[PDB]
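Visitor: Structure supplied as my_file26.cif; contents: mmCIF, C-alpha atoms.
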```cif
data_model
#
loop_
_atom_site.label_atom_id
_atom_site.label_comp_id
_atom_site.auth_asym_id
_atom_site.auth_seq_id
_atom_site.Cartn_x
_atom_site.Cartn_y
_atom_site.Cartn_z
CA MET A 1 8.27 4.36 14.54
CA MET A 2 5.65 3.72 11.84
CA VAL A 3 6.02 0.90 9.32
CA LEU A 4 3.56 0.69 6.50
CA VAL A 5 2.89 -2.91 5.40
CA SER A 6 1.39 -3.54 1.97
CA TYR A 7 0.39 -7.14 1.26
CA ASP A 8 -0.23 -8.14 -2.38
CA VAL A 9 -1.94 -11.45 -2.03
CA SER A 10 -2.52 -13.84 -4.88
CA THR A 11 -6.09 -14.18 -6.14
CA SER A 12 -5.40 -16.76 -8.83
CA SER A 13 -4.13 -19.35 -6.31
CA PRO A 14 -5.96 -21.04 -3.33
CA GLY A 15 -5.81 -19.93 0.31
CA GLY A 16 -5.10 -16.24 -0.26
CA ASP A 17 -8.09 -15.41 1.94
CA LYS A 18 -6.66 -17.41 4.86
CA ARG A 19 -3.20 -15.95 4.48
CA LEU A 20 -4.55 -12.39 4.49
CA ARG A 21 -6.65 -13.29 7.56
CA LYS A 22 -3.52 -14.48 9.35
CA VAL A 23 -1.44 -11.46 8.34
CA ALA A 24 -4.22 -9.16 9.56
CA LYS A 25 -4.44 -11.07 12.88
CA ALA A 26 -0.62 -10.79 13.33
CA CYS A 27 -0.92 -6.98 12.81
CA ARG A 28 -3.99 -6.51 14.96
CA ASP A 29 -2.44 -5.43 18.26
CA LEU A 30 0.38 -3.23 16.91
CA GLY A 31 -1.38 -1.41 14.16
CA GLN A 32 -4.36 -0.39 12.12
CA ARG A 33 -5.72 -2.03 8.99
CA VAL A 34 -6.22 1.11 6.93
CA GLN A 35 -7.15 -0.60 3.67
CA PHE A 36 -8.10 -4.20 2.70
CA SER A 37 -4.47 -5.26 2.55
CA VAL A 38 -2.59 -2.33 4.00
CA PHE A 39 -1.56 -1.91 7.65
CA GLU A 40 -0.06 1.01 9.56
CA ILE A 41 2.13 -0.53 12.31
CA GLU A 42 3.29 1.58 15.30
CA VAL A 43 6.31 -0.26 16.72
CA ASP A 44 9.68 0.06 18.38
CA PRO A 45 12.55 -1.67 16.56
CA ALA A 46 12.37 -5.00 18.50
CA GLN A 47 8.61 -5.23 18.01
CA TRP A 48 9.16 -4.57 14.30
CA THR A 49 11.79 -7.31 14.05
CA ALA A 50 9.42 -9.79 15.68
CA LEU A 51 6.39 -8.84 13.56
CA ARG A 52 8.39 -8.78 10.33
CA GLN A 53 9.56 -12.37 10.82
CA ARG A 54 5.94 -13.51 11.34
CA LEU A 55 4.70 -11.71 8.25
CA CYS A 56 7.47 -13.19 6.08
CA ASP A 57 6.63 -16.64 7.45
CA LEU A 58 2.85 -16.32 6.91
CA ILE A 59 2.85 -15.39 3.20
CA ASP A 60 3.64 -17.56 0.18
CA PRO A 61 6.58 -15.69 -1.30
CA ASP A 62 6.28 -17.54 -4.61
CA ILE A 63 2.92 -15.90 -5.32
CA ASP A 64 2.47 -13.08 -2.69
CA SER A 65 4.56 -10.01 -1.89
CA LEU A 66 5.05 -7.74 1.09
CA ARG A 67 6.43 -4.26 0.94
CA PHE A 68 7.51 -2.60 4.13
CA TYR A 69 8.00 1.18 4.24
CA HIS A 70 9.67 2.75 7.30
CA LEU A 71 7.86 6.09 7.59
CA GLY A 72 9.78 7.58 10.55
CA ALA A 73 6.75 8.96 12.51
CA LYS A 74 3.33 8.98 10.85
CA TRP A 75 3.03 12.77 10.77
CA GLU A 76 6.07 12.95 8.44
CA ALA A 77 4.19 11.12 5.69
CA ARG A 78 1.36 13.70 5.60
CA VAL A 79 -1.07 10.88 4.83
CA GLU A 80 -4.23 11.57 2.81
CA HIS A 81 -7.27 9.21 2.46
CA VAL A 82 -9.73 9.60 -0.40
CA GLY A 83 -12.95 7.60 -0.66
CA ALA A 84 -14.53 4.80 1.32
CA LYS A 85 -13.83 3.78 4.90
CA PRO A 86 -15.26 0.25 5.29
CA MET B 1 8.87 14.15 -4.55
CA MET B 2 7.92 10.56 -3.86
CA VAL B 3 4.27 9.85 -3.19
CA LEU B 4 3.24 6.24 -2.46
CA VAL B 5 -0.26 5.66 -3.84
CA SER B 6 -2.21 2.67 -2.49
CA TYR B 7 -5.48 1.89 -4.28
CA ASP B 8 -7.99 -0.30 -2.54
CA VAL B 9 -10.40 -1.28 -5.27
CA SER B 10 -13.62 -3.12 -4.69
CA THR B 11 -14.01 -6.74 -5.68
CA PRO B 14 -17.71 -4.73 -10.36
CA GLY B 15 -16.05 -2.57 -13.06
CA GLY B 16 -13.21 -2.57 -10.55
CA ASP B 17 -10.79 -4.21 -12.97
CA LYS B 18 -11.40 -1.38 -15.44
CA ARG B 19 -10.89 1.26 -12.74
CA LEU B 20 -7.57 -0.28 -11.63
CA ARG B 21 -6.44 -0.40 -15.26
CA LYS B 22 -7.28 3.30 -15.73
CA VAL B 23 -5.51 4.28 -12.50
CA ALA B 24 -2.42 2.32 -13.59
CA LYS B 25 -2.47 3.98 -17.00
CA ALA B 26 -2.73 7.44 -15.45
CA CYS B 27 0.33 6.67 -13.28
CA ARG B 28 2.33 4.99 -15.99
CA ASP B 29 4.69 7.84 -16.97
CA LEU B 30 5.18 9.22 -13.49
CA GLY B 31 6.01 6.17 -11.45
CA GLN B 32 6.43 2.49 -10.92
CA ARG B 33 3.69 -0.05 -10.23
CA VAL B 34 5.39 -1.99 -7.46
CA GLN B 35 2.48 -4.18 -6.43
CA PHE B 36 -0.91 -4.93 -8.02
CA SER B 37 -2.50 -1.78 -6.65
CA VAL B 38 0.46 0.17 -5.25
CA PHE B 39 2.44 2.83 -7.12
CA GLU B 40 5.63 4.72 -6.24
CA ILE B 41 4.97 8.08 -7.90
CA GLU B 42 7.73 10.62 -8.55
CA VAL B 43 6.11 14.02 -9.17
CA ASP B 44 6.82 17.65 -8.62
CA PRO B 45 4.07 19.57 -6.77
CA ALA B 46 2.37 20.84 -9.91
CA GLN B 47 2.39 17.34 -11.45
CA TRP B 48 1.05 15.87 -8.21
CA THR B 49 -1.84 18.40 -8.19
CA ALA B 50 -2.73 17.21 -11.69
CA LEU B 51 -2.36 13.48 -11.08
CA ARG B 52 -4.13 13.56 -7.75
CA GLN B 53 -7.20 15.17 -9.39
CA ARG B 54 -7.19 12.48 -12.04
CA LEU B 55 -7.00 9.73 -9.45
CA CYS B 56 -9.89 11.24 -7.50
CA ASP B 57 -11.98 11.32 -10.71
CA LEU B 58 -11.06 7.78 -11.82
CA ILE B 59 -12.01 5.87 -8.64
CA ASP B 60 -15.47 5.20 -7.25
CA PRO B 61 -15.17 6.91 -3.82
CA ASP B 62 -18.33 5.10 -2.58
CA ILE B 63 -16.58 1.70 -2.66
CA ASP B 64 -12.88 2.32 -3.45
CA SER B 65 -10.20 4.18 -1.51
CA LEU B 66 -6.87 5.80 -2.16
CA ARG B 67 -4.19 6.51 0.42
CA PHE B 68 -1.31 8.83 -0.32
CA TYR B 69 1.99 8.79 1.64
CA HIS B 70 4.84 11.25 1.29
CA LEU B 71 7.89 8.99 1.68
CA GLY B 72 10.52 11.71 1.78
CA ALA B 73 14.10 11.86 0.60
CA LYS B 74 16.19 8.70 0.51
CA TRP B 75 12.98 6.67 0.73
CA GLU B 76 14.79 3.90 -1.22
CA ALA B 77 16.80 3.02 1.88
CA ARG B 78 13.59 2.65 3.85
CA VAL B 79 11.66 0.17 1.70
CA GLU B 80 11.95 -3.64 1.80
CA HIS B 81 10.34 -6.04 -0.69
CA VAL B 82 9.64 -9.67 0.24
CA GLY B 83 8.35 -12.21 -2.25
CA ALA B 84 7.21 -12.27 -5.87
CA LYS B 85 7.99 -9.55 -8.38
#
```
What would the structure in this file look like if it were written as C-alpha cells?

Guide:
Amino acid sequence: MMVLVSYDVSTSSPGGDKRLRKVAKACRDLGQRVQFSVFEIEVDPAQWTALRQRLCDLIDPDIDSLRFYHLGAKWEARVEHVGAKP
Amino acid sequence: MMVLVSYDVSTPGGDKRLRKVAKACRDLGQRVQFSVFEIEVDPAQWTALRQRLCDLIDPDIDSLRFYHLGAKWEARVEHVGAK
C-alpha cells in the first residue's frame, strides 16, 4: 500500500534539522523522499505499523506535526510533480 | 474532488511565494500544515487553480506535488502533533 508522510517541522525551535534527518533515515529503506519533508512509503500493514510508531516517537509533537495519508496504491492518486527535483 | 497540494518552497522571496500560494488556495481548501493544502475543487476549478499555482511558484527552486485522494479520503488521513 502507499502511505504519504508529510512532516511539518518547527523552524522557530532548536533541533528541527536533526529531527527531520532522523525521520528521513527511518523512511529511507521503505520509501522515497519526494520533497524536502514529504515521503512516499511503500509498505504492507505490519511494516506501516512499525514505521508509524518510530515516526511518532522521533518528532516533537508539541511543535511538529505529521500527516499520514493512506493512498491505496500510488497509481490511484494520479500524482503530478511541478518544478524542481533536487 | 480532493486534491492534496504539497508545496516545497526554497529556504529568498520564498516567504512571499508561500503566502501567495496560501492566498490562492484560501477559498477552495484548508491549509492543514505550513505548506500543505487539502483542496476541494471541481475539474474546472482545479484547471484554474493549478494554472495559478504553476505561475506563482519558482519552478527552478520550488516544487509542487498534487495527489488525488479520492472519495472518503477523510477516513484515510491521520494527524499527529501540533495544530

Visitor: Show me, as CSV, the residues of chain A having an atom within 9 Å of chain B, each with the closest atom pair and its distance in Å, using all atoms listed in the file.

Guide:
```
residue,atom,partner,partner_atom,distance
A:6,CA,B:38,CA,8.2
A:7,CA,B:35,CA,8.5
A:8,CA,B:35,CA,6.3
A:9,CA,B:36,CA,8.9
A:34,CA,B:67,CA,8.7
A:35,CA,B:8,CA,6.3
A:36,CA,B:8,CA,6.5
A:37,CA,B:8,CA,7.9
A:38,CA,B:6,CA,8.2
A:56,CA,B:82,CA,7.2
A:59,CA,B:83,CA,8.4
A:60,CA,B:83,CA,7.5
A:61,CA,B:83,CA,4.0
A:62,CA,B:84,CA,5.5
A:63,CA,B:84,CA,5.6
A:64,CA,B:84,CA,5.8
A:65,CA,B:83,CA,4.4
A:66,CA,B:82,CA,5.1
A:67,CA,B:81,CA,4.6
A:68,CA,B:80,CA,5.1
A:69,CA,B:79,CA,4.6
A:70,CA,B:78,CA,5.2
A:71,CA,B:71,CA,6.6
A:76,CA,B:70,CA,7.5
A:77,CA,B:70,CA,4.4
A:78,CA,B:70,CA,6.1
A:79,CA,B:69,CA,4.9
A:80,CA,B:68,CA,5.1
A:81,CA,B:67,CA,4.6
A:82,CA,B:66,CA,5.1
A:83,CA,B:61,CA,3.9
A:84,CA,B:65,CA,5.2
A:85,CA,B:65,CA,7.4
A:86,CA,B:63,CA,8.2
```

Visitor: What would the file look like if the residues just selected were written as a compact mmCIF listing (two decimals), in the frame of the given file with C-alpha atoms?

Guide:
```txt
# COMPACT_ATOMS: atom_id res chain seq x y z
CA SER A 6 1.39 -3.54 1.97
CA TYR A 7 0.39 -7.14 1.26
CA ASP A 8 -0.23 -8.14 -2.38
CA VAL A 9 -1.94 -11.45 -2.03
CA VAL A 34 -6.22 1.11 6.93
CA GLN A 35 -7.15 -0.60 3.67
CA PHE A 36 -8.10 -4.20 2.70
CA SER A 37 -4.47 -5.26 2.55
CA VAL A 38 -2.59 -2.33 4.00
CA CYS A 56 7.47 -13.19 6.08
CA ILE A 59 2.85 -15.39 3.20
CA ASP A 60 3.64 -17.56 0.18
CA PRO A 61 6.58 -15.69 -1.30
CA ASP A 62 6.28 -17.54 -4.61
CA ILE A 63 2.92 -15.90 -5.32
CA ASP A 64 2.47 -13.08 -2.69
CA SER A 65 4.56 -10.01 -1.89
CA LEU A 66 5.05 -7.74 1.09
CA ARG A 67 6.43 -4.26 0.94
CA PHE A 68 7.51 -2.60 4.13
CA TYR A 69 8.00 1.18 4.24
CA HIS A 70 9.67 2.75 7.30
CA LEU A 71 7.86 6.09 7.59
CA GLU A 76 6.07 12.95 8.44
CA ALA A 77 4.19 11.12 5.69
CA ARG A 78 1.36 13.70 5.60
CA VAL A 79 -1.07 10.88 4.83
CA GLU A 80 -4.23 11.57 2.81
CA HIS A 81 -7.27 9.21 2.46
CA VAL A 82 -9.73 9.60 -0.40
CA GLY A 83 -12.95 7.60 -0.66
CA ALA A 84 -14.53 4.80 1.32
CA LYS A 85 -13.83 3.78 4.90
CA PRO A 86 -15.26 0.25 5.29
```

Visitor: Just the number, please: distance in Å from atom CA of residue B:40 to atom CA of residue A:49, one decimal.

Guide: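 Taking atom CA of residue B:40 as the start and atom CA of residue A:49 as the end point, the length is 24.4 Å.
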
Visitor: Measure the distance from atom CA of residue A:15 to atom CA of residue B:17 in Å and round it to one decimal.

Guide: 21.2 Å

Visitor: Figure out the distance between atom CA of residue B:58 and atom CA of residue B:2, please, to one decimal in Å.

Guide: 20.8 Å

Visitor: Evaluate the PyMOL selection byres ((chain B and resi 31) around 12) on the structure here and hand back the selected residues as a PDB file with C-alpha atoms, in the coordinates of the input.

Guide:
```pdb
ATOM      1  CA  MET B   1       8.870  14.150  -4.550  1.00  0.00           C
ATOM      2  CA  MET B   2       7.920  10.560  -3.860  1.00  0.00           C
ATOM      3  CA  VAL B   3       4.270   9.850  -3.190  1.00  0.00           C
ATOM      4  CA  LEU B   4       3.240   6.240  -2.460  1.00  0.00           C
ATOM      5  CA  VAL B   5      -0.260   5.660  -3.840  1.00  0.00           C
ATOM      6  CA  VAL B  23      -5.510   4.280 -12.500  1.00  0.00           C
ATOM      7  CA  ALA B  24      -2.420   2.320 -13.590  1.00  0.00           C
ATOM      8  CA  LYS B  25      -2.470   3.980 -17.000  1.00  0.00           C
ATOM      9  CA  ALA B  26      -2.730   7.440 -15.450  1.00  0.00           C
ATOM     10  CA  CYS B  27       0.330   6.670 -13.280  1.00  0.00           C
ATOM     11  CA  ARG B  28       2.330   4.990 -15.990  1.00  0.00           C
ATOM     12  CA  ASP B  29       4.690   7.840 -16.970  1.00  0.00           C
ATOM     13  CA  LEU B  30       5.180   9.220 -13.490  1.00  0.00           C
ATOM     14  CA  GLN B  32       6.430   2.490 -10.920  1.00  0.00           C
ATOM     15  CA  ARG B  33       3.690  -0.050 -10.230  1.00  0.00           C
ATOM     16  CA  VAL B  34       5.390  -1.990  -7.460  1.00  0.00           C
ATOM     17  CA  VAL B  38       0.460   0.170  -5.250  1.00  0.00           C
ATOM     18  CA  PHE B  39       2.440   2.830  -7.120  1.00  0.00           C
ATOM     19  CA  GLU B  40       5.630   4.720  -6.240  1.00  0.00           C
ATOM     20  CA  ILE B  41       4.970   8.080  -7.900  1.00  0.00           C
ATOM     21  CA  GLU B  42       7.730  10.620  -8.550  1.00  0.00           C
ATOM     22  CA  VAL B  43       6.110  14.020  -9.170  1.00  0.00           C
ATOM     23  CA  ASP B  44       6.820  17.650  -8.620  1.00  0.00           C
ATOM     24  CA  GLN B  47       2.390  17.340 -11.450  1.00  0.00           C
ATOM     25  CA  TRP B  48       1.050  15.870  -8.210  1.00  0.00           C
ATOM     26  CA  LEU B  51      -2.360  13.480 -11.080  1.00  0.00           C
TER      27      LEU B  51
END
```

Visitor: Which residue is closest to residue A:25? Choose from A:1, A:74, A:47, A:39 and count only C-alpha atoms.

Guide: A:39

Visitor: Just want the 7 Å neighbourhood of residue A:23, counted on all atoms listed in the file, with same-chain residues fewer than 3 positions away dropped. Output as a list in words.

Guide: residues 19, 20, 26, 27, 55 and 58 of chain A

Visitor: Applying the PyMOL selection byres ((chain A and resi 41) around 9) to the file I just gave you, which residues come out? Please list them as an MDAnalysis selection string.

Guide: chainID A and resid 1:5 27:33 39:40 42:43 48

Visitor: Kindly save the residues from that selection, with C-alpha atoms included, as a CSV table (one decimal), keeping the file's coordinate frame.

Guide:
```
chain,number,residue,atom,x,y,z
A,1,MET,CA,8.3,4.4,14.5
A,2,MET,CA,5.6,3.7,11.8
A,3,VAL,CA,6.0,0.9,9.3
A,4,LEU,CA,3.6,0.7,6.5
A,5,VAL,CA,2.9,-2.9,5.4
A,27,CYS,CA,-0.9,-7.0,12.8
A,28,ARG,CA,-4.0,-6.5,15.0
A,29,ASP,CA,-2.4,-5.4,18.3
A,30,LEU,CA,0.4,-3.2,16.9
A,31,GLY,CA,-1.4,-1.4,14.2
A,32,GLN,CA,-4.4,-0.4,12.1
A,33,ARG,CA,-5.7,-2.0,9.0
A,39,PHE,CA,-1.6,-1.9,7.6
A,40,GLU,CA,-0.1,1.0,9.6
A,42,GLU,CA,3.3,1.6,15.3
A,43,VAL,CA,6.3,-0.3,16.7
A,48,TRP,CA,9.2,-4.6,14.3
```

Visitor: Missing atoms in stretch 5-41 of chain B need filling: write out N, CA and C atoms for it as an mmCIF file, keeping the file's coordinate frame.

Guide:
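And here's result-v8.cif as it stands now:
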```cif
data_model
loop_
_atom_site.group_PDB
_atom_site.id
_atom_site.type_symbol
_atom_site.label_atom_id
_atom_site.label_comp_id
_atom_site.auth_asym_id
_atom_site.auth_seq_id
_atom_site.Cartn_x
_atom_site.Cartn_y
_atom_site.Cartn_z
ATOM 1 N N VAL B 5 1.177 5.663 -3.590
ATOM 2 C CA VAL B 5 -0.260 5.660 -3.840
ATOM 3 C C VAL B 5 -0.745 4.207 -3.694
ATOM 4 N N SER B 6 -1.609 3.986 -2.710
ATOM 5 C CA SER B 6 -2.210 2.670 -2.490
ATOM 6 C C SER B 6 -3.701 2.739 -2.865
ATOM 7 N N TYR B 7 -4.112 1.894 -3.806
ATOM 8 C CA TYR B 7 -5.480 1.890 -4.280
ATOM 9 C C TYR B 7 -6.170 0.640 -3.822
ATOM 10 N N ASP B 8 -7.212 0.806 -3.010
ATOM 11 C CA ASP B 8 -7.990 -0.300 -2.540
ATOM 12 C C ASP B 8 -9.267 -0.379 -3.373
ATOM 13 N N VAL B 9 -9.258 -1.256 -4.358
ATOM 14 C CA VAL B 9 -10.400 -1.280 -5.270
ATOM 15 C C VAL B 9 -11.285 -2.470 -5.014
ATOM 16 N N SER B 10 -12.583 -2.173 -5.027
ATOM 17 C CA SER B 10 -13.620 -3.120 -4.690
ATOM 18 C C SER B 10 -13.614 -4.345 -5.596
ATOM 19 N N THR B 11 -13.858 -5.484 -4.964
ATOM 20 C CA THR B 11 -14.010 -6.740 -5.680
ATOM 21 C C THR B 11 -15.429 -7.254 -5.499
ATOM 22 N N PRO B 14 -17.299 -4.668 -8.944
ATOM 23 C CA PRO B 14 -17.710 -4.730 -10.360
ATOM 24 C C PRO B 14 -17.169 -3.514 -11.108
ATOM 25 N N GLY B 15 -16.621 -3.695 -12.313
ATOM 26 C CA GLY B 15 -16.050 -2.570 -13.060
ATOM 27 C C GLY B 15 -14.729 -2.158 -12.413
ATOM 28 N N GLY B 16 -14.397 -2.860 -11.333
ATOM 29 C CA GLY B 16 -13.210 -2.570 -10.550
ATOM 30 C C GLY B 16 -11.938 -2.826 -11.328
ATOM 31 N N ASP B 17 -11.940 -3.895 -12.129
ATOM 32 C CA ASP B 17 -10.790 -4.210 -12.970
ATOM 33 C C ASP B 17 -10.481 -3.044 -13.920
ATOM 34 N N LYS B 18 -11.535 -2.487 -14.514
ATOM 35 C CA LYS B 18 -11.400 -1.380 -15.440
ATOM 36 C C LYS B 18 -10.844 -0.144 -14.715
ATOM 37 N N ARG B 19 -11.350 0.107 -13.513
ATOM 38 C CA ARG B 19 -10.890 1.260 -12.740
ATOM 39 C C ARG B 19 -9.412 1.124 -12.344
ATOM 40 N N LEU B 20 -8.983 -0.070 -11.935
ATOM 41 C CA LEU B 20 -7.570 -0.280 -11.630
ATOM 42 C C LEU B 20 -6.717 -0.093 -12.887
ATOM 43 N N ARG B 21 -7.183 -0.604 -14.022
ATOM 44 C CA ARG B 21 -6.440 -0.400 -15.260
ATOM 45 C C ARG B 21 -6.284 1.089 -15.597
ATOM 46 N N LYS B 22 -7.348 1.864 -15.384
ATOM 47 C CA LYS B 22 -7.280 3.300 -15.730
ATOM 48 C C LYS B 22 -6.365 4.075 -14.783
ATOM 49 N N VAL B 23 -6.410 3.706 -13.510
ATOM 50 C CA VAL B 23 -5.510 4.280 -12.500
ATOM 51 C C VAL B 23 -4.072 3.923 -12.863
ATOM 52 N N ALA B 24 -3.808 2.668 -13.215
ATOM 53 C CA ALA B 24 -2.420 2.320 -13.590
ATOM 54 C C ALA B 24 -1.947 3.100 -14.829
ATOM 55 N N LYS B 25 -2.842 3.263 -15.805
ATOM 56 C CA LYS B 25 -2.470 3.980 -17.000
ATOM 57 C C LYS B 25 -2.158 5.424 -16.660
ATOM 58 N N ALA B 26 -2.971 6.024 -15.790
ATOM 59 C CA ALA B 26 -2.730 7.440 -15.450
ATOM 60 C C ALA B 26 -1.386 7.621 -14.735
ATOM 61 N N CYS B 27 -0.952 6.593 -14.015
ATOM 62 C CA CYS B 27 0.330 6.670 -13.280
ATOM 63 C C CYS B 27 1.530 6.261 -14.102
ATOM 64 N N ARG B 28 1.296 5.726 -15.297
ATOM 65 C CA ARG B 28 2.330 4.990 -15.990
ATOM 66 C C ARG B 28 3.633 5.780 -16.255
ATOM 67 N N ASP B 29 3.506 7.074 -16.583
ATOM 68 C CA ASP B 29 4.690 7.840 -16.970
ATOM 69 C C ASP B 29 5.361 8.486 -15.782
ATOM 70 N N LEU B 30 4.703 8.435 -14.640
ATOM 71 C CA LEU B 30 5.180 9.220 -13.490
ATOM 72 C C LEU B 30 5.627 8.323 -12.356
ATOM 73 N N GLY B 31 5.680 7.019 -12.585
ATOM 74 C CA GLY B 31 6.010 6.170 -11.450
ATOM 75 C C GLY B 31 6.175 4.721 -11.810
ATOM 76 N N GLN B 32 6.292 3.900 -10.761
ATOM 77 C CA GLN B 32 6.430 2.490 -10.920
ATOM 78 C C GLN B 32 5.307 1.762 -10.190
ATOM 79 N N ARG B 33 4.707 0.791 -10.868
ATOM 80 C CA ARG B 33 3.690 -0.050 -10.230
ATOM 81 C C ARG B 33 4.390 -1.191 -9.510
ATOM 82 N N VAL B 34 4.522 -1.079 -8.201
ATOM 83 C CA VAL B 34 5.390 -1.990 -7.460
ATOM 84 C C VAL B 34 4.648 -3.158 -6.867
ATOM 85 N N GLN B 35 3.329 -3.002 -6.716
ATOM 86 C CA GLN B 35 2.480 -4.180 -6.430
ATOM 87 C C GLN B 35 1.197 -3.996 -7.234
ATOM 88 N N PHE B 36 0.311 -4.978 -7.187
ATOM 89 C CA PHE B 36 -0.910 -4.930 -8.020
ATOM 90 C C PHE B 36 -1.611 -3.581 -7.970
ATOM 91 N N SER B 37 -1.695 -2.997 -6.774
ATOM 92 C CA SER B 37 -2.500 -1.780 -6.650
ATOM 93 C C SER B 37 -1.710 -0.728 -5.863
ATOM 94 N N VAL B 38 -0.376 -0.812 -5.926
ATOM 95 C CA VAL B 38 0.460 0.170 -5.250
ATOM 96 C C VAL B 38 1.509 0.727 -6.203
ATOM 97 N N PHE B 39 1.655 2.049 -6.140
ATOM 98 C CA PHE B 39 2.440 2.830 -7.120
ATOM 99 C C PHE B 39 3.401 3.761 -6.390
ATOM 100 N N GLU B 40 4.670 3.755 -6.797
ATOM 101 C CA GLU B 40 5.630 4.720 -6.240
ATOM 102 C C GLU B 40 5.721 5.832 -7.298
ATOM 103 N N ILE B 41 5.158 6.998 -6.960
ATOM 104 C CA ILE B 41 4.970 8.080 -7.900
ATOM 105 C C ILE B 41 5.981 9.195 -7.655
#
```
